[PDB]
Number of protein chains: 2
Amino acid sequence: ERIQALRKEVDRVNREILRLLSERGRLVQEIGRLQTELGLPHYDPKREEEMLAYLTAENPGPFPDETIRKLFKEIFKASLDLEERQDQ
Amino acid sequence: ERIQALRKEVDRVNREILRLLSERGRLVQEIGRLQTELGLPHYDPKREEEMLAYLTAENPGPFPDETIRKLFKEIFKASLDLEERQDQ
């Protein structure tokens, strides 16, 4: 039905997000190895604030900025678990 | 430099994720209104498990399944904050 159809669309969106998250993971691993090689820190609060700034500004809804902010903070933390460990 | 270039790629990926999350939000709001209209529950643990099942199975890395599972659980919770409130 309509709900079945919509859930299938959500499945497609979920998979797209998984692909992008994986792409993002590959990118942060590369940044991490470069930071290691150059003796630069991996933890950068300034960079996190900068990303949250344009994401909350560009947020088109329906999610409130507060939610977008929290979701991305979770993504950033999941990434640290890489920039400190497995990198490129 | 290389880090600057990579951060710009991360910015592009972040924005793509924001778009998909917003698309996802619109979809769940629609499902929510249909559930309300049909007298169906909004909270469905069975559905959440089903999504985590194919996402962890299809996970290509570098993120571990455990991380993918947690990130999506956060996305599902952020969505409830909609399926219960603002819907289509």
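Residues numbered from 1 in each chain as written, not as in the entry; some residues may be left out. Chains lettered and ligands numbered in written order. Heavy atoms only, no water.

Structure determination for the deposited model, as stated in its record, used X-ray crystallography, and the stated resolution is 1.75 Å.

Caption draft 1: How the structure looks around the layout of surface pockets. What the largest pocket holds in volume is close to 200 Å³. Contributing to the lining of the largest pocket are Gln35(A), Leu40(A), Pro41(A), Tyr43(A), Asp44(A), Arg47(A), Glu50(A), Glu1(B), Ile3(B), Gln4(B), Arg7(B) and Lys8(B). Secondary-structure elements contributing two or more residues to the lining of the largest pocket are helix 2 (45-58) of chain A together with helix 1 (2-38) of chain B. Sort the elements by how many residues they give to the lining of the largest pocket and helix 1 of chain B lands first, with four residues. (1 Å grid on protein atoms, 1.4 Å probe; cavity = no way out; pocket = protein on both sides within 12 Å on 5 of 7 lines; lining within 4 Å. Points joined across faces, edges and corners; volume = space filled by probe spheres on them. Helix = DSSP H or I, 4+ residues; strand = E, 2+ residues; numbered from the N terminus.)

Caption draft 2: Looking closely at unusual backbone geometry. Along the chain, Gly61(A) connects to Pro62(A) via a cis peptide bond; the corresponding omega equals 0 degrees. Tracing the backbone through its elements, the reader meets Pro62(A) in the loop between helix 2 and helix 3 (65-83).

Caption draft 3: Highlighting the interface of chain A and chain B. Taken residue by residue, the interface counts 52 residues in chain A and 52 residues in chain B. Carbon and sulfur atoms supply 75% of the area buried between chain A and chain B, which totals about 4,900 Å² over both sides. At the junction of chain A with chain B, the criterion picks out six salt bridges. Note that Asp44(A) is salt-bridged to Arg7(B), the shortest N-O span being 3.1 Å. Applying the counting rule to chain A against chain B returns 18 residue pairs in polar contact. Elements that contribute at least two residues to the side of chain A that touches chain B include exactly helix 1 (2-38), helix 2 and helix 3 of chain A. The dominant element in the side of chain A that touches chain B, judged by the number of residues it contributes, is helix 1 of chain A, at 27 residues. Here the residues of the side of chain A that touches chain B are counted per class, giving 26 nonpolar, 10 polar and 16 charged. (Contact = heavy atoms within 4.5 Å. Buried area = accessible area lost by both parts, 1.4 Å probe. Salt bridge = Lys/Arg side-chain N within 4 Å of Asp/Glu carboxyl O. Polar contact = N/O pair within 3.5 Å; in protein donor to acceptor, adjacent residues only side chain to side chain. Nonpolar A, V, L, I, M, F, W, Y, C, P; charged D, E, K, R; others polar.)

Caption draft 4: Examining the relation of the copies chain A and chain B more closely. Note on the copies: chain A fits chain B at an RMSD of 0.0 Å, the axial shift is 0.0 Å, and the rotation between them is 180 degrees. Viewed as a symmetry operation, the transformation between the two copies matches a two-fold axis. Residue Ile17(A), judged by its C-alpha, is the member of chain A lying nearest the rotation axis, at 3.1 Å. An overlap of 100% is found between the interface residues of chain A and their copies at the interface of chain B, pointing to a shared contact surface. (Least-squares fit on C-alpha atoms.)

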